[PDB]
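Topology and contacts: notes
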Amino acid sequence: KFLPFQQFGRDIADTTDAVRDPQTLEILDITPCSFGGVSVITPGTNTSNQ
Amino acid sequence: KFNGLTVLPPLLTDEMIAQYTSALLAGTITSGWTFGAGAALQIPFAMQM
Ligand SMILES: *[C@@H]1O[C@H](CO)[C@@H](O)[C@H](O)[C@H]1NC(C)=O
Ligand SMILES: *[C@@H]1O[C@H](CO)[C@@H](O)[C@H](O)[C@H]1NC(C)=O
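In this report, we go over the structure that sits alongside the text. (Residues numbered from 1 in each chain as written, not as in the entry; some residues may be left out. Chains lettered and ligands numbered in written order. Part of a larger assembly, values for the part shown. Heavy atoms only, no water.)

Looking only at helices and strands, chain B features two helices and zero strands. If one aligns the C-alpha atoms of chain B with their principal axes, the spans along those axes are about 60 × 20 × 15 Å. Expressed as a percentage of its 49 residues, the buried residues of chain B come to 6%. Total accessible area on chain B is roughly 4,600 Å²; 72% of this is exposed by carbon and sulfur atoms. (Helix = DSSP H or I, 4+ residues; strand = E, 2+ residues; numbered from the N terminus. Buried < 20%, exposed > 50% of the residue type's maximum accessible area, 1.4 Å probe, protein only. Areas by Shrake-Rupley, 256 points an atom, 1.4 Å probe, with all protein chains shown as cover.)

This next bit is on the overall build of chain A. When you go through chain A residue by residue, the secondary structure sums to zero helices and zero strands. Here the C-alpha atoms of chain A give a radius of gyration of 22 Å, more than 25% beyond the 10 Å that 2.2 N^0.38 yields for 50 residues. Each principal axis of the C-alpha distribution contributes one length, and for chain A these read about 65 × 25 × 15 Å. Evaluated residue by residue, chain A yields a buried proportion of 8% over its 50 residues. Long-range pairs, those at least 24 residues apart, make up 3% of the contacts in chain A with a sequence separation of at least 6. Total accessible area on chain A is roughly 4,900 Å²; 57% of this is exposed by carbon and sulfur atoms. (Rg over C-alpha atoms; globule rule 2.2 N^0.38 Å. Contact = heavy atoms within 4.5 Å.)

Another point: the side chain of B:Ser31. Residues and elements named next belong to chain B. Its place among the elements puts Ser-31 in helix α1 (residues 14–31). Among the polar contacts made by the side chain of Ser-31, one reaches the main-chain carbonyl oxygen of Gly-27 at a distance of 2.2 Å. Excluding its chain neighbours within four sequence positions, the residues that come into contact with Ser-31 are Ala-26, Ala-40, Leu-41 and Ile-43. (Polar contact = N/O pair within 3.5 Å; in protein donor to acceptor, adjacent residues only side chain to side chain.)

A cluster of nonpolar side chains, namely B:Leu11, B:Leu12, B:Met16, B:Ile17 and B:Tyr20, defines an oily patch on the protein surface of about 560 Å² accessible area. Summarising the element assignment, B:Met16 is placed in helix α1. (Patch = residues over 30% accessible without salt bridge, like charges linked within 9 Å, V, L, I, M, F, W, Y side chains within 5 Å. Salt bridge = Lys/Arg side-chain N within 4 Å of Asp/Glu carboxyl O.)

What follows covers unusual backbone geometry. All names here are of chain A. At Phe-8, a position not held by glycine, the phi torsion is positive, near 60°. Judged by relative accessible area, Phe-8 falls into the exposed class, the value being 59%. In this structure, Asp-11 takes a positive phi of about 75° despite not being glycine. You can call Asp-11 exposed: its relative accessible area is 67%.

All right, on to the environment of A:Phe2 then. Residues and elements named next belong to chain A. A relative accessible area of 25% places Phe-2 in the partly exposed class. Residues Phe-2 and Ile-27 lie 25 residues apart in sequence; the distance between their C-alpha atoms is 7.4 Å. In this structure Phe-2 touches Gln-7, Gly-9, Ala-18, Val-19, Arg-20 and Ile-27, once residues within four positions along its chain are discounted.

Structural data, given as structure tokens:
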């Protein structure tokens, strides 16, 4: 919920949190895209390759 | 978690740790202390006291 004059919420430390939009009045929310650190598990390459 | 920080879960869950602690307690209460050297033996608790 926003006050009738509140925009550009940070709300944790510095991140641009849920923000309103122009041309309309809705409290949109911004979430970072999915990310992760991939890893590879392998047996001895002298044995196989899968 | 958003920016760049990730946390990895531990290899052994809490249930496994509880199982090890239960096994140690069960060994101590009946086997005495022979299972700390070799095979587990049995002996009444009063004799161990
Ligand atoms: C913006 O202009 C469009 C085009 O007519 C109109 O439909 C809309 O209601 C306007 N919105 C605002 C907030 O002025
Ligand atoms: C394992 O590696 C050694 C040398 O790195 C190789 O001589 C041996 O053939 C390998 N094992 C198999 C099953 O190929």
